[PDB]
Amino acid sequence: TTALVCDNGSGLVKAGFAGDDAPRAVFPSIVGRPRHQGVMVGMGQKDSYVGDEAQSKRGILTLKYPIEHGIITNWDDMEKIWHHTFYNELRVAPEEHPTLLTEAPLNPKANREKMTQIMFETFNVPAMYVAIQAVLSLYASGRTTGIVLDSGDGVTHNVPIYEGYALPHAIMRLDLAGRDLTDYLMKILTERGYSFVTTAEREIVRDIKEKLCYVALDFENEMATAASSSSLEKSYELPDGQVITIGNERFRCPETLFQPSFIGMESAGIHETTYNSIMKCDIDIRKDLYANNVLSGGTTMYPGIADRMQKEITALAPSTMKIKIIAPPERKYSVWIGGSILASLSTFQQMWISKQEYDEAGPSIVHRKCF
Amino acid sequence: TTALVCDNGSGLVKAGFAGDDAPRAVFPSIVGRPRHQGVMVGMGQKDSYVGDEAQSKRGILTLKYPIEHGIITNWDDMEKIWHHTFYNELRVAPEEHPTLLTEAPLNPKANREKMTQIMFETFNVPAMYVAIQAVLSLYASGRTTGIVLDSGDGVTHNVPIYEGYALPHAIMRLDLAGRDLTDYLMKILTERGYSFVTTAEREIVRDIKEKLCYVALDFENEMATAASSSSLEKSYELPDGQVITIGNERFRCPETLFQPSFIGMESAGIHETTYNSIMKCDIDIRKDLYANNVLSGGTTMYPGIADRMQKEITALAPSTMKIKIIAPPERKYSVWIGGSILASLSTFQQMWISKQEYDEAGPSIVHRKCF
Amino acid sequence: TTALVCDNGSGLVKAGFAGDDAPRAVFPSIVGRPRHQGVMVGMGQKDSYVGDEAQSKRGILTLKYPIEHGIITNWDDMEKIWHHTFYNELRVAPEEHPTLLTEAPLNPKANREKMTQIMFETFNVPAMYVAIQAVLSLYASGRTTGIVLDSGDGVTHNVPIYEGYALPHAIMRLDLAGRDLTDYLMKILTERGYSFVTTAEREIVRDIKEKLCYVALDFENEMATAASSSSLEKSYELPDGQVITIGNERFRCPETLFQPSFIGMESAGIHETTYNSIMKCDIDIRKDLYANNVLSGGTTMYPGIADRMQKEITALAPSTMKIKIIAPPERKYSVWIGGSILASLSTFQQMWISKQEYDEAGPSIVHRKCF
Amino acid sequence: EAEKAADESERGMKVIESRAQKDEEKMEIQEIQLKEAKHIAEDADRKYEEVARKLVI
Amino acid sequence: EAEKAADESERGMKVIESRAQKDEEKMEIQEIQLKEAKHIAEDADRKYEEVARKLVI
Ligand SMILES: Nc1ncnc2c1ncn2[C@@H]1O[C@H](COP(=O)(O)OP(=O)(O)O)[C@@H](O)[C@H]1O
Ligand SMILES: Nc1ncnc2c1ncn2[C@@H]1O[C@H](COP(=O)(O)OP(=O)(O)O)[C@@H](O)[C@H]1O
Ligand SMILES: Nc1ncnc2c1ncn2[C@@H]1O[C@H](COP(=O)(O)OP(=O)(O)O)[C@@H](O)[C@H]1O
Ligand SMILES: [Mg+2]
Ligand SMILES: [Mg+2]
Ligand SMILES: [Mg+2]
């Protein structure tokens, strides 16, 4: 048989059969509802547009993400997402296919328990397993040590692993992610005279953020260059014309990662959190962790982010320690690749949670030692 | 049984059976009364001439229009019009034929309430329904999106529809219509030497407007050409002789639509109201509305109006959008065709307001979801 | 010397000397242009009427507001308004008086920069300053802590301040204001047969809104009572006659503030944005903000608004937390009172932007520490 | 003369509509090459940006 | 009927000439943007080669 590797994540569901090189179906994780009444009769509009279809009907729909920060807040919407993924994007019945799910560290136990219950009850999958989004990313990089920084759309976290032994006391989680960057970009774009309020145009602002924003190696020098010259301004074409030009805002949006105080958060920057995590571990493995930094998640796709992170960590770290940052081109899909690799392992076939086991011992099986 | 589609409109009542390709009966909505005494004894002239017959006796009657701008102002005259339509034109008993009626947007609720009360009580129609002009016009055009500009003899309104969903906050209405154009043509003909005052001559002026007026692509250039050249002058034959020649007055009457300031109206031209309505809607559907602009109504039948509208909108709209205007040859009867199509649908049979529902919920039942 | 306090607002300019109990020059911010020909010769008619004078000639002028939503969209009109304020209403030469201006949060930078440049160049004042309206409102109320809701005529916004410290990341701005309410009242008044289109009738509709509209404690119950009984019908007398009768739409218009979906807006009502702002702040100050809710702006004088907002917040807020709403009778002029008080401080005398400073630093001086 | 003008109108409309389909094809192909030029321009632009960042680092 | 046909054909050919002028400035703008895109891309090519040699050394 074959195993399904579903990665719910947040803002992007990617899924595909285990053993494939790349995920087969990737689409945004949104649920759209019509906010108008409809005058034409006989069309028979559906009451809920789910997945990529909602992206084509943004102008007559209100879009809601079922996942705020890793956790699921609207279970009906998530069930709709899962049903659409299983029956439309993949067109494969889950009755005879084990499933591998991924979630971030340090999440409420009720979330995992309810996910397992829904998957065993509604879809009746033969078996399922849950993994951390960081260990799979480490698998996908062909490594066995180092720290992994998984900066997704909902949550960011750092997980140090040495020789396959995780260190729970050094795992760090920060709620700043791509969604907050998009909100900040919407907020600061007002100073230039552009107003974005509707949820539909939040997607537009996300598109500008993806296409134009970049990370500055140095902040003050870039601010001075932008204030003096105008070579950094770039123009973007909106869906209805009226091209808009953005300058200094181009690199202010991604700086929030290193400067959380822009959005009011008291927590330290990404580099400082990584550095603190590095020293939170023992002293005999700090060199390898320094030399095996791993990045994953869409938010880490900004141009020039790797250089800035390396410079900051080198400034913080002792001079006599070599610092290297691994930034493969496929950061976004690294987690799914790692999950597919893990599912293809022969030794993993005994770690599945059988339906009979769940029925006998109840939903709390996942938390028990039969992880 | 079969459904009956009647369109009161304004200045022209058009009715027929559902499923037909064109209305069977089309005639002016005029009620005439004799203003003289009458000396011959025995002929027994009737006290009221209704419909097209009043045109034959136009010279001895005081023609009155029962409706000014969509709103009915003389209910007895409207009852006479409906009776003539049902009996002397279609020769059918409304006791066994559901009736579909057409009504313009943004009108007093008492209008619809009285219309339904008259239909249910006076004529005892088994069931009836009321629809909006814009939706029917879009139905007849074979489209599901776009902004439709319906300009009849009473009122000109723009309604944007996207994927069968209306945008009520973007619906625009303007009282400028064909009747105002005829009045302005009367006002502007007097400067040449021809005076038309009596209501009978209203029809002559309207016929001249229909037969000779046209829309100029450029106003200043055409005025300059007419100031020197005499190639724009055309002659018309009155019903008694003394042909009248008109020069620049032919293309100045329809300019009121784009230049309402001629007749003192504060609002802007139709070309500007359409653009404002488009910009009212959401940003994600503006391209489709631009590319699916629809025209309907008799007043939009002037030659060259489509090109002028396209030029104006292209000037207003961004240069990176393709502006396309759809002007089918049968603009005048588009609404009735749409009504016939709507009535011929099978799923529409459960949306009729049955007699029992009206009796139980009273005349107000019109304002429920059966809009 | 003394400093002048001018609040441009949106459609209502209020100005006066600093250190007064109330402004001494309040008038609408409208510029009127004659749209007709003018036959009488030697009358010496002016080509532009500004301020309250234009309110006396609404029937021969077209009125333009120089401010759409906070932002100034016509600089010539605003310059004329300022000149009229300085030389006619106040009758004081600005060459020897510091000027304090107010603007809403999240305002485009170019607006403020052009304001300062015009203020320094044309009127050549010695010093000037710009302030946020929320802080002035808080100063006027005599408080130093509490979320302030300033719903003007062009923009509404909620700003939280704790112990004199503002929280920029929790500032909320919504474009729903008095102008949108007036437009909605125009739209819904057509349900009875009253048509208001020309800009002059906008003032009539605004006066009707001010005199008659009120906020209902409950919507469904009030609508049921209005439909059943007839005790809510109230009669208003137009400048000529034909007294109009208003029923349920008396209280339906202000409901747009709590139900933006009436006008097709995505955002939630003010009662919900306030709660979202409160939850956006920290956890250890939410009690004081709950107990120190402050209202300001002209739009917040609907009879019964305070009770409705208190009920909504109490429904949203936890049961064990007490909610208090402060609604001073002088809500409309609270911003000007606060501005006068702030200008009266001896310390603030060192925060003025000297003309020499602007000359040496250019317009950008405005965005530096002298905020 | 009305018939002569009708013949004039008919062959005039024929020639102008032939030119119209020709110009439609022309504008379509030029819009295609416009897209291609824009793609290559942006490709070179961000490729050079990335290599310049590599050079400076 | 013939006069009406001639009038409609005349309007059609006026508007066809007007779109033709529109197409004319469209070719002008697209040609200039194609030329500048080519120049900037090829200049990017030289400077990419130069910085690549710099990177190697
Ligand atoms: N090249 C890029 N530039 C800027 N942002 C990006 C880029 N690629 C992805 N993103 C951001 O990453 C987010 C997607 O994160 P994702 O990896 O899907 O998280 P999850 O795995 O939790 O769904 C998007 O919201 C997007 O804004
Ligand atoms: N060929 C034409 N050219 C110019 N105007 C026309 C033409 N045909 C009809 N009209 C105008 O259209 C009006 C009829 O509008 P109509 O379609 O009946 O509106 P409604 O559907 O509201 O009744 C007439 O008053 C007439 O002036
Ligand atoms: N009693 C009232 N009822 C309803 N609306 C009112 C009342 N008083 C004032 N308003 C509204 O408040 C607006 C004035 O707001 P204002 O405080 O002048 O804002 P700004 O200072 O930004 O101009 C007016 O447009 C009016 O419609
Ligand atoms: Mg992820
Ligand atoms: Mg009509
Ligand atoms: Mg104000």
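Quick note: the coordinates plus some simple rules give every number you see, no bench work behind them. Methodologically, a virtual Cβ is constructed for each residue, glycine included, from the backbone with ideal geometry; neighbour enumeration extends over all protein chains shown.
Remark: pairs (first residue in the stretch C:289-308, without any contact (Cβ under 8 Å) to a residue 24 or more places away in the chain; second residue within 16 Å of ligand 2 (Cβ to nearest atom); Cβ separation under 8 Å; 6+ apart in sequence or on different chains) are absent.
The set of residues in the stretch A:213-234 that are touching a helix residue (DSSP H, G or I) at 6+ places or on another chain (Cβ under 9 Å) and not in a helix (DSSP H, G or I) comprises A:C213, A:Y214, A:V215, A:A216, A:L217, A:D218, A:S231, A:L232, A:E233, A:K234.
Does A:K355 satisfy the criteria of being under 27 Å from A:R143 (Cβ atoms) and either buried (at least 17 other Cβ atoms within 10 Å of the Cβ) or in contact with a helix residue (DSSP H, G or I) (Cβ under 9 Å, 6 or more places away or on another chain) (or both)?
no
Determine the pairs where a residue that is over 25 Å from A:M309 (Cα atoms), located within the stretch A:219-243, has a partner that is in a strand (DSSP E or B) and small (G, A, S) with Cβ atoms under 9 Å apart, the partner being 6 or more residues away or on another chain. Note: pairs meeting the criteria are A:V243/A:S235. I need the full set of residues from the stretch B:266-283 which are within 18 Å of B:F219 (Cβ to Cβ), buried (at least 19 other Cβ atoms within 10 Å of the Cβ) and either free of Cβ contacts under 8 Å to residues at least 12 places away in the same chain or aromatic (F, W, Y) (or both), in order please. Hits for the stretch B:266-283: nothing passes.
Does B:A93 count as away from chain C (no Cβ under 14 Å), out of contact with any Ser or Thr (no Cβ under 6 Å at 6 or more places or on another chain) and without any contact (Cβ under 8 Å) to a residue 12 or more places away in the chain? Against the criterion (away from chain C (no Cβ under 14 Å), out of contact with any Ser or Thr (no Cβ under 6 Å at 6 or more places or on another chain) and without any contact (Cβ under 8 Å) to a residue 12 or more places away in the chain), B:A93 qualifies. The residue that is farthest from ligand 6 (Cβ to nearest atom), counting only those in the stretch A:1-12 that are among the hydrophobic types (A, V, I, L, M, F, W, C) and over 10 Å from A:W336 (Cα atoms), is A:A3.
Flag not set for C:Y194, criterion: part of a helix (DSSP H, G or I), away from ligand 5 (no atom under 16 Å from the Cβ) and buried (at least 16 other Cβ atoms within 10 Å of the Cβ). Only one entry of C:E272, C:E360, C:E330 meets the criterion of being out of contact with any strand residue (DSSP E or B) (no Cβ under 7 Å at 6 or more places or on another chain) and within 16 Å of ligand 6 (Cβ to nearest atom), and that entry is C:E330.
Residues that are more than 30 Å from B:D282 (Cβ to Cβ) and hydroxyl-bearing (S, T, Y) were ranked within the stretch B:110-146; the one that is nearest to ligand 3 (Cβ to nearest atom) is B:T116.
Just so you know, in the stretch B:210-233 the residues that are exposed (fewer than 14 other Cβ atoms within 10 Å of the Cβ) and within 14 Å of chain E (Cβ to nearest Cβ) include one that is farthest from ligand 1 (Cβ to nearest atom), and it is B:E233. One residue stands out among those in the stretch B:163-179 that are part of a strand (DSSP E or B) and facing chain A (nearest Cβ under 8 Å): the one that is nearest to the chain's Cα centre (by Cα), which is B:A166.
Counting only residues that are within 14 Å of chain A (Cβ to nearest Cβ), give me the helices (runs of 4 or more DSSP H) lying completely in the stretch B:268-371 with at least 1 of them.
Working: elements: B:270-280, B:286-291, B:305-316, B:334-344, B:355-361.
Per the criteria, B:270-280, B:286-291, B:305-316, B:334-344.
Restricting attention to the stretch B:245-267, the residues being out of contact with any helix residue (DSSP H, G or I) (no Cβ under 8 Å at 6 or more places or on another chain) and assigned to a strand (DSSP E or B) number 1. Within the stretch B:140-162, the residues that satisfy the criterion of being charged (D, E, K, R) and part of a loop (DSSP other than H, G, I, E, B) are B:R143, B:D153.
The residue that is nearest to ligand 4 (Cβ to nearest atom), among those in the stretch B:107-129 that are buried (at least 18 other Cβ atoms within 10 Å of the Cβ) and over 19 Å from B:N74 (Cβ atoms), is B:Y129.
When you scan the stretch A:306-317, how many residues do you find that are within 16 Å of ligand 1 (Cβ to nearest atom) and either on the phi > 0 side of the Ramachandran plot or in contact with a strand residue (DSSP E or B) (Cβ under 8 Å, 6 or more places away or on another chain) (or both)? Explain how you work it out, then say what you get.
Of the stretch A:306-317, the ones within 16 Å of ligand 1 (Cβ to nearest atom) are A:306-309.
Checking which are either on the phi > 0 side of the Ramachandran plot or in contact with a strand residue (DSSP E or B) (Cβ under 8 Å, 6 or more places away or on another chain) (or both) leaves us with A:306, A:309.
Qualifying residue count for the region: 2.
Per the conditions (1) touching a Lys or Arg at 6+ places or on another chain (Cβ under 7 Å); (2) of a type in the set (V, I, T); (3) within 27 Å of C:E96 (Cβ to Cβ); (4) crowded, with 21+ Cβ neighbours inside 10 Å, the sole criterion not satisfied by C:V13 is (1).
Could you please find all residues in the stretch A:103-124 being outside any helix (DSSP H, G or I) and under 21 Å from A:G338 (Cβ atoms)?
Residues of the stretch A:103-124 that are outside any helix (DSSP H, G or I), as a first pass: A:103-108, A:124.
Answer for the stretch A:103-124, where residues must be outside any helix (DSSP H, G or I) and under 21 Å from A:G338 (Cβ atoms): A:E103, A:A104, A:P105, A:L106, A:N107.
Taking the condition of being among the aromatic types (F, W, Y) and in contact with a strand residue (DSSP E or B) (Cβ under 8 Å, 6 or more places away or on another chain), how many residues in the stretch B:193-212 meet it? Break it down into steps so the answer makes sense when it comes.
To start, the set of residues in the stretch B:193-212 that are among the aromatic types (F, W, Y) comprises B:194, B:196.
From what is left, the residues that are in contact with a strand residue (DSSP E or B) (Cβ under 8 Å, 6 or more places away or on another chain) are B:194.
Of the residues in the stretch B:193-212, 1 are among the aromatic types (F, W, Y) and in contact with a strand residue (DSSP E or B) (Cβ under 8 Å, 6 or more places away or on another chain).
Of everything in the stretch C:1-52 that is basic (K, R) and within 14 Å of chain B (Cβ to nearest Cβ), the residue that is farthest from ligand 2 (Cβ to nearest atom) is C:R33. Each residue in the stretch A:244-265 was checked for being within 12 Å of another protein chain (Cβ to nearest Cβ) and either within 23 Å of A:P160 (Cα to Cα) or in contact (Cβ under 8 Å) with a residue 60 or more places away in the chain (or both), and 6 pass. Restricting the first member to the stretch C:33-58 and to residues that are under 22 Å from C:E89 (Cβ atoms), and the second to residues that are among the aromatic types (F, W, Y), the beta-carbon pairs closer than 7 Å and six or more apart or on different chains are C:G51/C:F27; C:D52/C:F27; C:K57/C:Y49. Pairs are defined by a Cβ separation below 7 Å, a sequence spacing of at least 6 or placement on different chains, a first member in the stretch B:1-17 that is farther than 19 Å from B:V135 by Cβ and without any contact (Cβ under 8 Å) to a residue 40 or more places away in the chain, and a second member that is within 10 Å of ligand 5 (Cβ to nearest atom) and not basic (K, R); no pair meets this definition.
Of D:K35, D:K22, D:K47, which residue is more than 10 Å from chain E (Cβ to nearest Cβ) and within 30 Å of A:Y214 (Cα to Cα)? Outline the logic, then answer.
Values: D:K22 fails: within 30 Å of A:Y214 (Cα to Cα); D:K47 fails: more than 10 Å from chain E (Cβ to nearest Cβ).
After ruling out the rest, the residue left standing is D:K35.
Yes or no: the stretch C:139-162 includes at least one residue that is away from ligand 1 (no atom under 16 Å from the Cβ), of a type in the set (K, R), more than 24 Å from C:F348 (Cβ to Cβ) and within 22 Å of the chain's Cα centre (by Cα). No, the conditions are met nowhere in the stretch C:139-162.
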